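Here is the structure we will look at.
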Amino acid sequence: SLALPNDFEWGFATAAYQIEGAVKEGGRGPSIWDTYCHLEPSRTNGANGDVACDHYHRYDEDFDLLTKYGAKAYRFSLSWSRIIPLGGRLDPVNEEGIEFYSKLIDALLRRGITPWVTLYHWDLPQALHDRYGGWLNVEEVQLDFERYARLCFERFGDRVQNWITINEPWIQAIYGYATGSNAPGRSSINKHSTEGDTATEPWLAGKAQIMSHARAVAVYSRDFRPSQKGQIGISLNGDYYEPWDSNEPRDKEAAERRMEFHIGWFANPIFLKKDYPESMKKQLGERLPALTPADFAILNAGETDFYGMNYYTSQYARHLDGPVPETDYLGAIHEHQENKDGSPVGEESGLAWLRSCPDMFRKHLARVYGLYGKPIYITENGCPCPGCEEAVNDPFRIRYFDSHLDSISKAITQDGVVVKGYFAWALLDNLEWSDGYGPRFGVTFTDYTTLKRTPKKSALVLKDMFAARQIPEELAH
Amino acid sequence: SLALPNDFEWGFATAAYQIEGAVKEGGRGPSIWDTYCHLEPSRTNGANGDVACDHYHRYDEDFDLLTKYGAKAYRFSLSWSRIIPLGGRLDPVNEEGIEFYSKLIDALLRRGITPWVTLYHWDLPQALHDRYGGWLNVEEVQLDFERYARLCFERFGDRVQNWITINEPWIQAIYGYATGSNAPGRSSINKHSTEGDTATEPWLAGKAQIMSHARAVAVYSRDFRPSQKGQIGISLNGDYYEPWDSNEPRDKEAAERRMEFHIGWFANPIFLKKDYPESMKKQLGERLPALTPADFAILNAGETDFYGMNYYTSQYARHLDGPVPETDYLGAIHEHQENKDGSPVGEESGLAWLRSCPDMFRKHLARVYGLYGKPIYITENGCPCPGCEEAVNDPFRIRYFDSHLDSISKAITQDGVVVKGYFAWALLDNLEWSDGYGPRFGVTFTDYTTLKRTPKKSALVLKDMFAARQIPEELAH
Amino acid sequence: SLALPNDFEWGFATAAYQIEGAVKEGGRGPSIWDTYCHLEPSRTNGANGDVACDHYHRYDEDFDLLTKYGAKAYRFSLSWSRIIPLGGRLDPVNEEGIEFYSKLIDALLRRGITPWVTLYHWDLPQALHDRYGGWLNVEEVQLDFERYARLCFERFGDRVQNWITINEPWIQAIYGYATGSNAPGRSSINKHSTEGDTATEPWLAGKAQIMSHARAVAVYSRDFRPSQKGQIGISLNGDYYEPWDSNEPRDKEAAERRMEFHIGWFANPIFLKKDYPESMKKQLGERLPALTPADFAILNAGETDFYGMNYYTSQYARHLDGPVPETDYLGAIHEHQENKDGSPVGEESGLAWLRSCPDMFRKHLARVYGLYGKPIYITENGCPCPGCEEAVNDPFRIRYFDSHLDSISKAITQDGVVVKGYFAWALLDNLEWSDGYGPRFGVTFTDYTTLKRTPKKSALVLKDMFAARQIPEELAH
C-alpha cells in the first residue's frame, strides 16, 4: 500500500521542555521559557514547564511505550541549561545533568531504539540572556554553543550517531525577537513589553543560530565524525506556499519569495554555501547581518549531512501592493488558507492554523530536494484531532499519518526525492509551548493530574503502516 | 515433600509463532504457518499467528512475569524466517531479526534468567517450501539449516549455553506430511488438499530433520562447544504405551513397537548411532530413506549432550488383525485411552486426548533412560484446566504439576534416572496451533482482546513446590 | 527554604528480612528471625518474614518506585544466611544468593541509583546460633563475620562504593540478649524462654559486633579501599536525652550517662580507639568483656570513614536513688517522655514511643559530632502516621520529614556539623520486626494481600524538598 524504502527509520519525537519538568531538580538552572511561563499576566496561557509530563522521573515508563509502539528511532532534545547549568564556555558543567541524559541514551540502546539527539530546542539558558542578550549577541552566543555542542559530542558521541543542532531556528528568531509570542518575547509590535526591535533583532538571532550551527558542524566534521561515524544536521520548518491566484505571474513569484524568507534564509548558508537569498537581501537592509568571509570559513570547513524537515501544513500566499514596512519579515506577503476560487488548502484539524495538505507536502519535498538538496529526514510531522480519554480513538490522526506517508512514497518513487526517515510528533501529549497543555499532539494520552499515559489508537497502528510499506518480494512468498 | 536434586533447572516454555505476532514487521518473512492459517476454508479453526500474544512488543512485560514467578530458566524459539528472512545458505540475513533476539537474550540475562533457545519449532520459512519442498528435500534443507544454526551459534552463542535444535520432529513429519493437520498440510488421507503422499513423505521429512540436527550438532561440537562451553540437544515427545490386555503376548510387543515408531525413529540415529529401529525398517520399505555411510560421519563426528523430553499424557496401544496399509504410520497399531478391563488411563483435562497419567510418566523416564540414555531435561510439560478469568484459580493444573514432579523425583531416587530439569508449558496462553486460541495451556491467562496478562494461581505456587523439594540439611530448622 | 549542602546524598532505606520474602528460595538457609517468628505462642504478634513484601520477586517494581521518587541513593541489607547459606568461614557459599544481590546492584546502577550496602541487619544465620551461641561467642563469630564481609567486598566491591557493616548493634545486644523482645530472645527477665542471662550476655554480644565491625574494617582498609575507593561505616542509633528536671546538676549528668551506655559503648572503640566509656566500665563489671591489646590492633589498623546515624525520637532521662540491680543495662536511669513541668517531648505519631522531636535532633547532631566526630549520614529516619488507603494522604509524615530536615540544615550551617546524607525509613511498608505488619513506616503503601504498591503523598513530595534546599546561585533567575 505505497512503498516506503526499507531501511527507512521511523519513530517518535519529543522536545525537552515540553515533557521533562523537574525544572529545579538535578541542579538544572532556568531557561528563557522558565521565565516566559511565569510572567504576570501570563503570555503562555497560564501554562508551566514545571512538572509537564514528568518525563525526568517517568522516562522508562515512556520508553517502554516506544517498544510497545514498535518504534525504530526516538528523537529527543537536551536541555542546555541542564548540562551547562547555565551559561557556557567558562561556566561549570552539571555532572548530574550529563548523567541523567547518559542513562536515557543507555535506556534506549538497551531497548533497541536509535537515539536521535537535538542540542537546542528553544530552551536557551537564562543566564546567557541576561549576560549578553542571548541570540542577539552573535559573536558570543555561537562560541558558547560551540563548546556545549562539543561537550555533548564528547560525553554522548560514542553512542548517539544521529545529531540535530538547532530546531526550527526561524520560530526562535521571529516568534522570539519579532512578534514576542515565544520566549524571550521581545518586539516593537506587541503588548509588548519592556524591550524589542522587530526591525533588526530577528535578523540577528537568525545569523547567531546560523553561525552556532556552522561552528558545531565544523567541530563535529573535523574532530568527531571520522572516529565516531555519525550524521549531523539542522531541522527547518516551513509551510509550502502555492499562489493564491493561480493564473497570476505576481503570485507564483510571491509564493516562492515567502519560501526563501523562511527556508532560504537558513538553507542558503547551511547547504549551498551561498549567502542570503537575494529577494531577501534586497528587502531588508543593512538590517540583514552580512556573512563575512570569516563566516564562510566556518561554513566551508564542514558538511551538514542531512536536511531535517519539520512539516505540518501549507498555505496560499499572494502579493502586496504598497511598499512594506521595516517590520515585515514574511517578505511582502498576505498569507491565506484559501485561494481565488474559495476552496481551502484542505481539511482541518483545529487548532485552525494546521490543516491536512498531503499533496502540497509532496510538492514541498520535490522543491526542497534539488535546491538544496541533501537527504531529507522528516523530523516532525504530527496533528491534533478535532474535539477526555475519548481521545484513545484518534481516527483523524491515523488518516493524517497515512496520507502524508503516501506522499512521501510518492515523492520518493515518482520525483526521485531521497527521504530516509520519519519522526511523528509527538510521543506524549505535551505542553504546546505558549499554547499550554490545550492542544494534544501525541499518540499517547497523558493524563495531567495522574501523570498517567494510555495509548491512542494511532500509536498501535503506526507500526503496521510502516510494516506494510516495506517488503517487498515477500508480498508473495 | 519428595526431593528433586538441588541443581535442577526449572522455568517455563514458549514457542516463537505461538506468541510473537509482529508477523510482517522487523523484516521477517512468511513461515509455512502463515499460509496454513490463512487458508479458506480455514484448517486452523479460523485462527491466526498475526498478533497472537504480541510478544514482539510486550516481551519485557512478559519477562517480569518470569521473575515474578521465580523462574530460573526460560525455553523459547527463534523464527528461522525472521532471521534468514526466507530461505538459507545464499540468502540475505535480516539484521533487525538477529538484533531482536539479541535483546531478548540480553533482557533475560539481566533478570538472571537462563535463555534456552530452540532453533526450530515448526515455523520453516515459506520460501523454502516453494523452492524445493521444504522438509521433503533432504539434501538441500539440511544444508540450509546448518547455515541457519551456525548463524545463531555465532550471533547468540557467547551468551546462550543451552541449545535445542528441533522441537518434536515426529509431529512435523506425521502431522505435516502424513495427516496434513499441521502445516504445510499435505496428505493422501485427508481433505486434503492439492498435494501429499502419506505413503512416502513423512519418512523423508523425518530423515531430513534427523540430518538437519546431526549437521548442527556437528558444527557445534567441532567449532563452538570447546570455546563457548554448553549443551546442544533435541527435544522429542512420545506418549508412554503399555499393553491394552496386560495378560497377553502380542501387546507387551505392540505397545513397545509403537514407542519405537515414535522415539526410536529419531533416537536411534541421534543417540545410539544405530539406524532406524528394525521393527520399522521392516514395515516401511524402501519408503524409509536409508542413512548413508556419509550420514554416519556427520552423526558420529559430534555428540548430542542431552535428551530433551516433551510429555503430556499416556495411552494403551494395541495390534492389528490384518496386514496394515501403506498409509499406516503408528507402526501397525490402534491406540486407546482405555484398557479392556474398562478403567481409564486416568483423570482428564479436556481437550480430551490429554489426561494426567503420573504413574506411566515414571515408567517412561526409566524406559527412555538406558536406551538411550543421556540426561533428560523435560522440555515441555503442562495441561489445560477443565472449563473466563475464573481461570485464575487453576487447582487442576497445580495438582497436575505436583503429581508429575512427584514421579520425576521417584524416577531419580528409585530408578536411578538422571533428570536435570523441568520446563512447564506454557508461560502464556497461546495460539495452540491449528486448534487456535481455545485451549488455554498457560500459567498466565492472556486476554486476547486487551492483550492483558494476569498470572494464574499455578504461576505463583510453582516456585514454592520446587523450593520445598530442594533443601535439605536445613529442613532441620 | 533552609539550605542543605549540594552534594548531600539522599534516598530511601529498607532491611533484608523486612521486605524480601522468599525465605526458602534461592537455597537460602534460615536466619534467627526465621525461628523467633514461628514460635508458639508467637513473640512477634503472629507475624512472619516469609512473603512479607516479596521483594525478592518484585525488586524491579520497587526500584522503579525509586526513580519515580527521584531518589539518589538506596540503602539496603544483605542476608548473610542467603550468601553463606548457613554458618561462616569453612561453610559453602550459596551462588544463587550472591548472583541475586549482584543483580540488585546491577539494576540500581542501571537506574542511576547509588547502592549503599548493609552487611548485617539483625538476621544472623541460625546455624551459628546453634553451633556456638552466635553473638555470645565473641571469638568465633567475629571470625565468621570477617569471612562474610570479605567475600562481599570481593563479589560486589567494584560496583558498590558505600558499605555499612552492622545496623544498630545496641538493639541486637539489648533486645536480643537482655530483654528478649527480638531474636534470638534470650533473657533472665521475660516470657521467657528456656535460656538467657541479661547480667552478662548483652555485653558479650556487644563486644562481638564491635570486633566483627573492627575485623571487616580491618580487611576493607588494608586490602580493598585503595583499589576499590569507597567508604565503610557503622550505623548507630540512640535517642537524645536531656534532663527531666532542668534545674538540677544530678542529671544533666544522667542523660549523658544514658547516651554513653547507648552510643559511647560502641563509638569509643570504633571511632576514638579508647575503650568503654568510664561510667560504663564502672557500673558493669567484670561483666563487660575487656578490650584485649589484640583487639586494639584490629581496631587501629583501619579506619571507619563515617558515622551512620539512626534517629527517630527523643526523651527525658533521669535518676535512680537505689543501688541498681545486676540486670540494668540502661545505665542507672528511668526514661520518660515528659519532664517535671508536665510538658511532653513534643507531638506524637503513634505507635506511642516515637514522637517528632526536631529540636533535640539538632542537639543530638551537635553532640555526636565532636566526640566523635566523623561525617554523619542519617542512615535512618522516618515515622508512621497517626491512624486503609487513606494512607496516601500522609501530611504528618511530610511535616515530620520537613522539620527534621530543617534541623539538619540548622546543625550544619550554625553548629559546624558535617552531615553528608539522609535516608528515609522506609521505601515500603515493612514487617516491623516483632511488632508485625501493623506499623506503616513507608512512603509507599503496600497492600499485603495483593502485594500491590501505591505511593503515599510523602514519596512524590520528598524529592521536591531536597530540590528546594539545594541551588544556589540561581535561586534568582
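Numbering starts fresh at 1 for the residues of each chain in the C-alpha cells, the chains themselves are lettered A, B, ... in the order given, and ligands are numbered from 1 as they appear.
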
Counting only C-alpha atoms, which residues of chain C sit at most 8 Å from some atom of chain A, and what is each one's closest atom pair with its distance in Å to one decimal, listed by chain and rising residue number, as JSON lines?
```
{"residue": "C:67", "atom": "CA", "partner": "A:57", "partner_atom": "CA", "distance": 5.9}
{"residue": "C:68", "atom": "CA", "partner": "A:57", "partner_atom": "CA", "distance": 4.9}
{"residue": "C:69", "atom": "CA", "partner": "A:57", "partner_atom": "CA", "distance": 7.4}
{"residue": "C:70", "atom": "CA", "partner": "A:57", "partner_atom": "CA", "distance": 6.4}
{"residue": "C:110", "atom": "CA", "partner": "A:103", "partner_atom": "CA", "distance": 7.3}
{"residue": "C:111", "atom": "CA", "partner": "A:103", "partner_atom": "CA", "distance": 7.1}
{"residue": "C:112", "atom": "CA", "partner": "A:103", "partner_atom": "CA", "distance": 7.1}
{"residue": "C:464", "atom": "CA", "partner": "A:25", "partner_atom": "CA", "distance": 7.6}
{"residue": "C:467", "atom": "CA", "partner": "A:25", "partner_atom": "CA", "distance": 5.2}
{"residue": "C:468", "atom": "CA", "partner": "A:24", "partner_atom": "CA", "distance": 7.5}
{"residue": "C:470", "atom": "CA", "partner": "A:27", "partner_atom": "CA", "distance": 7.8}
{"residue": "C:471", "atom": "CA", "partner": "A:27", "partner_atom": "CA", "distance": 6.7}
{"residue": "C:474", "atom": "CA", "partner": "A:29", "partner_atom": "CA", "distance": 6.4}
{"residue": "C:477", "atom": "CA", "partner": "A:30", "partner_atom": "CA", "distance": 6.4}
```

Report task. For segment 373-390 of chain A, please output as number ranges by chain all residues within 8 Å (counting only C-alpha atoms; exclusion window: fewer than 6 positions along the same chain). Result -> A: 13, 75, 235, 271, 305-312, 348-351, 354, 396-397, 400-401, 417-426, 439-442, 445

Include N, CA, C and O atoms and write out the residues we just selected as a short mmCIF file (atom, residue, chain, number, x, y, z; two decimals), in the first residue's frame.
```cif
data_model
loop_
_atom_site.label_atom_id
_atom_site.label_comp_id
_atom_site.auth_asym_id
_atom_site.auth_seq_id
_atom_site.Cartn_x
_atom_site.Cartn_y
_atom_site.Cartn_z
N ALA A 13 8.98 11.73 18.39
CA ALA A 13 9.81 12.89 18.71
C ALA A 13 9.28 13.67 19.89
O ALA A 13 8.08 13.82 20.03
N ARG A 75 13.62 10.57 18.53
CA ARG A 75 14.21 11.90 18.53
C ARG A 75 13.82 12.65 19.79
O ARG A 75 12.63 12.81 20.08
N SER A 235 17.30 21.00 11.59
CA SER A 235 15.93 20.80 11.12
C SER A 235 15.19 22.15 10.97
O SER A 235 15.06 22.94 11.91
N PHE A 271 23.62 24.96 3.34
CA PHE A 271 23.62 23.87 2.37
C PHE A 271 24.24 24.24 1.04
O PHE A 271 24.82 23.40 0.36
N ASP A 305 25.05 17.05 7.13
CA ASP A 305 24.84 15.73 6.50
C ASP A 305 23.45 15.50 5.94
O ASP A 305 23.27 14.72 5.01
N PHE A 306 22.45 16.13 6.53
CA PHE A 306 21.10 15.91 6.07
C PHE A 306 20.24 17.12 6.36
O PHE A 306 20.57 17.97 7.19
N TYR A 307 19.13 17.20 5.64
CA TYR A 307 18.11 18.21 5.82
C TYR A 307 17.06 17.58 6.72
O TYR A 307 16.30 16.70 6.30
N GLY A 308 17.05 17.99 7.98
CA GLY A 308 15.95 17.68 8.86
C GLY A 308 14.82 18.63 8.54
O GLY A 308 15.01 19.83 8.42
N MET A 309 13.63 18.08 8.36
CA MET A 309 12.49 18.88 7.93
C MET A 309 11.27 18.68 8.82
O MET A 309 10.77 17.56 8.96
N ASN A 310 10.83 19.76 9.46
CA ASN A 310 9.55 19.79 10.19
C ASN A 310 8.45 20.28 9.26
O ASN A 310 8.53 21.39 8.69
N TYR A 311 7.42 19.47 9.06
CA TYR A 311 6.30 19.88 8.22
C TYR A 311 5.01 19.61 8.96
O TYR A 311 4.91 18.62 9.67
N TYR A 312 4.02 20.50 8.81
CA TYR A 312 2.70 20.22 9.33
C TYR A 312 1.61 20.65 8.36
O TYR A 312 0.63 19.93 8.16
N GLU A 348 -9.33 20.09 7.93
CA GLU A 348 -8.67 20.62 9.10
C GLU A 348 -8.71 19.83 10.38
O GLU A 348 -9.54 18.94 10.58
N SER A 349 -7.80 20.22 11.26
CA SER A 349 -7.55 19.53 12.49
C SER A 349 -8.10 20.36 13.60
O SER A 349 -8.95 19.92 14.36
N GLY A 350 -7.60 21.58 13.67
CA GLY A 350 -8.04 22.55 14.64
C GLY A 350 -7.56 22.20 16.03
O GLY A 350 -7.79 21.08 16.47
N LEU A 351 -6.86 23.10 16.72
CA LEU A 351 -6.19 24.31 16.23
C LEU A 351 -6.96 25.26 15.31
O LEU A 351 -7.90 25.93 15.77
N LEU A 354 -3.34 24.69 11.50
CA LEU A 354 -2.88 23.44 10.92
C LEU A 354 -4.01 22.76 10.21
O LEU A 354 -5.03 22.44 10.82
N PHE A 396 -8.76 10.67 13.02
CA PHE A 396 -8.32 11.77 12.20
C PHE A 396 -6.82 11.69 12.05
O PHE A 396 -6.27 11.90 10.96
N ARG A 397 -6.16 11.38 13.16
CA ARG A 397 -4.71 11.39 13.25
C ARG A 397 -4.15 10.27 12.42
O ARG A 397 -3.17 10.45 11.69
N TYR A 400 -4.35 11.24 8.86
CA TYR A 400 -3.32 12.27 8.65
C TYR A 400 -1.94 11.68 8.36
O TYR A 400 -1.26 12.10 7.43
N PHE A 401 -1.52 10.74 9.21
CA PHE A 401 -0.30 9.97 9.01
C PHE A 401 -0.28 9.27 7.65
O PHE A 401 0.64 9.47 6.85
N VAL A 417 13.01 11.85 -4.96
CA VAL A 417 13.45 12.52 -3.76
C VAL A 417 13.97 11.44 -2.83
O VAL A 417 13.38 10.37 -2.71
N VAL A 418 15.12 11.69 -2.22
CA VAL A 418 15.64 10.77 -1.23
C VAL A 418 15.08 11.18 0.12
O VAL A 418 15.43 12.23 0.67
N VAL A 419 14.17 10.37 0.64
CA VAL A 419 13.72 10.55 2.01
C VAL A 419 14.13 9.31 2.77
O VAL A 419 13.95 8.18 2.30
N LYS A 420 14.70 9.51 3.95
CA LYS A 420 15.34 8.41 4.65
C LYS A 420 14.62 8.06 5.95
O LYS A 420 14.81 6.98 6.49
N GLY A 421 13.76 8.94 6.44
CA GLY A 421 13.15 8.68 7.73
C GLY A 421 12.11 9.67 8.18
O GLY A 421 11.98 10.76 7.61
N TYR A 422 11.39 9.30 9.24
CA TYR A 422 10.16 9.99 9.62
C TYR A 422 9.91 9.91 11.12
O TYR A 422 9.66 8.83 11.64
N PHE A 423 9.97 11.04 11.83
CA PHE A 423 9.59 11.07 13.25
C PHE A 423 8.25 11.77 13.42
O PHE A 423 8.05 12.89 12.94
N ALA A 424 7.32 11.07 14.08
CA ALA A 424 5.96 11.55 14.26
C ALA A 424 5.87 12.37 15.53
O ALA A 424 6.41 11.98 16.56
N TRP A 425 5.23 13.53 15.45
CA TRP A 425 5.10 14.39 16.61
C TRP A 425 3.74 14.14 17.22
O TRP A 425 2.73 14.24 16.52
N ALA A 426 3.66 13.81 18.51
CA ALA A 426 4.78 13.61 19.42
C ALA A 426 4.56 12.26 20.07
O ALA A 426 3.60 11.59 19.74
N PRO A 439 -3.80 21.87 23.27
CA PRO A 439 -3.57 21.01 22.10
C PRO A 439 -2.98 19.66 22.44
O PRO A 439 -2.00 19.60 23.20
N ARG A 440 -3.53 18.59 21.89
CA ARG A 440 -2.98 17.28 22.19
C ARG A 440 -2.43 16.58 20.94
O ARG A 440 -3.18 15.98 20.18
N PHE A 441 -1.12 16.66 20.75
CA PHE A 441 -0.50 16.19 19.52
C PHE A 441 -0.02 14.74 19.54
O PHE A 441 0.16 14.12 18.48
N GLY A 442 0.19 14.21 20.74
CA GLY A 442 0.89 12.95 20.87
C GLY A 442 0.04 11.76 20.53
O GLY A 442 -1.18 11.89 20.45
N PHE A 445 -1.96 9.40 25.27
CA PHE A 445 -2.72 10.37 26.02
C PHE A 445 -2.14 10.54 27.40
O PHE A 445 -2.17 9.62 28.20
#
```

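For the choices A:207, A:367, A:147, A:410, the atom-to-atom distance to residue 84 of chain A is smallest for A:147 when using only C-alpha atoms.
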
DSSP says strand (DSSP E) for which residues of segment 143-370 of chain B? Put them as a CSV table (one decimal) with N, CA and C atoms, in the first residue's frame?
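Below you can see states_25.csv, which holds the result:
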```
chain,number,residue,atom,x,y,z
B,162,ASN,N,22.8,-23.1,26.2
B,162,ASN,CA,21.9,-24.3,26.1
B,162,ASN,C,21.0,-24.3,24.9
B,163,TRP,N,21.3,-25.2,24.0
B,163,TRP,CA,20.6,-25.2,22.7
B,163,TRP,C,19.7,-26.4,22.5
B,164,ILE,N,18.5,-26.2,21.9
B,164,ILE,CA,17.7,-27.3,21.4
B,164,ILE,C,17.4,-27.1,19.9
B,165,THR,N,17.9,-28.0,19.1
B,165,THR,CA,17.8,-27.9,17.6
B,165,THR,C,16.3,-27.9,17.1
B,166,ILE,N,15.7,-29.1,17.3
B,166,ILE,CA,14.4,-29.3,16.7
B,166,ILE,C,13.3,-29.7,17.7
B,167,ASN,N,12.2,-29.1,17.6
B,167,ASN,CA,11.1,-29.4,18.6
B,167,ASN,C,10.2,-30.4,18.0
B,231,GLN,N,25.6,-26.9,26.0
B,231,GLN,CA,24.8,-28.1,25.6
B,231,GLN,C,24.0,-27.9,24.3
B,232,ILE,N,24.0,-28.9,23.5
B,232,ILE,CA,23.1,-28.9,22.4
B,232,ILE,C,22.3,-30.2,22.5
B,233,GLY,N,21.0,-30.2,22.2
B,233,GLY,CA,20.1,-31.4,22.4
B,233,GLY,C,18.9,-31.3,21.5
B,234,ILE,N,18.2,-32.4,21.3
B,234,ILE,CA,16.9,-32.4,20.6
B,234,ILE,C,15.8,-32.6,21.6
B,235,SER,N,14.6,-32.1,21.3
B,235,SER,CA,13.5,-32.4,22.3
B,235,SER,C,12.4,-33.2,21.6
B,236,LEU,N,12.4,-34.5,21.9
B,236,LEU,CA,11.4,-35.4,21.4
B,236,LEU,C,10.2,-35.6,22.3
B,240,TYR,N,3.7,-42.6,26.6
B,240,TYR,CA,4.1,-43.9,27.1
B,240,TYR,C,3.0,-44.9,26.8
B,241,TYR,N,3.3,-46.0,26.2
B,241,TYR,CA,2.3,-47.0,25.9
B,241,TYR,C,2.5,-48.3,26.7
B,242,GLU,N,1.5,-48.8,27.4
B,242,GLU,CA,1.6,-50.2,27.9
B,242,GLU,C,0.4,-51.0,27.3
B,243,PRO,N,0.5,-52.3,27.3
B,243,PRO,CA,-0.4,-53.2,26.7
B,243,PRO,C,-1.9,-52.9,27.1
B,306,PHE,N,22.2,-34.0,25.6
B,306,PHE,CA,21.0,-34.3,26.5
B,306,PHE,C,19.8,-34.7,25.7
B,307,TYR,N,18.9,-35.5,26.4
B,307,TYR,CA,17.6,-35.9,25.8
B,307,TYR,C,16.6,-34.9,26.3
B,308,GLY,N,16.2,-34.0,25.5
B,308,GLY,CA,15.1,-33.1,25.8
B,308,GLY,C,13.8,-33.9,25.6
B,309,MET,N,12.9,-33.9,26.7
B,309,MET,CA,11.7,-34.7,26.6
B,309,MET,C,10.4,-33.8,26.8
B,310,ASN,N,9.5,-33.9,25.8
B,310,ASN,CA,8.2,-33.4,26.0
B,310,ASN,C,7.3,-34.5,26.4
B,314,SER,N,-0.5,-40.4,28.5
B,314,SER,CA,-0.1,-41.7,28.1
B,314,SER,C,-1.3,-42.5,27.5
B,315,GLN,N,-1.1,-43.7,27.1
B,315,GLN,CA,-2.1,-44.5,26.4
B,315,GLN,C,-1.9,-46.0,26.4
B,316,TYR,N,-3.0,-46.7,26.0
B,316,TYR,CA,-2.9,-48.1,25.9
B,316,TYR,C,-2.9,-48.4,24.4
B,317,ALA,N,-1.8,-49.1,23.9
B,317,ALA,CA,-1.7,-49.3,22.5
B,317,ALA,C,-2.1,-50.8,22.3
B,318,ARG,N,-2.7,-51.0,21.1
B,318,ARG,CA,-2.7,-52.5,20.7
B,318,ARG,C,-3.0,-52.9,19.3
B,334,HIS,N,-3.6,-49.9,16.8
B,334,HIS,CA,-4.6,-48.9,17.1
B,334,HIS,C,-4.7,-48.6,18.6
B,335,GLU,N,-4.7,-47.3,18.9
B,335,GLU,CA,-4.4,-46.8,20.2
B,335,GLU,C,-5.7,-46.4,21.0
B,336,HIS,N,-5.7,-46.7,22.3
B,336,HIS,CA,-6.9,-46.4,23.2
B,336,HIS,C,-6.5,-45.7,24.4
```

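Atom pair atom CA of residue 407 of chain B / atom CA of residue 12 of chain B has a distance of 19.0 Å (rounded to one decimal).
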
Report task. If you run DSSP over the backbone, which residues in segment 21-230 of chain B end up alpha helix (DSSP H)? Put them as a PyMOL selection string. Result -> chain B and resi 32-36+55-68+80-83+95-110+126-132+138-156+169-177+201-223+225-228
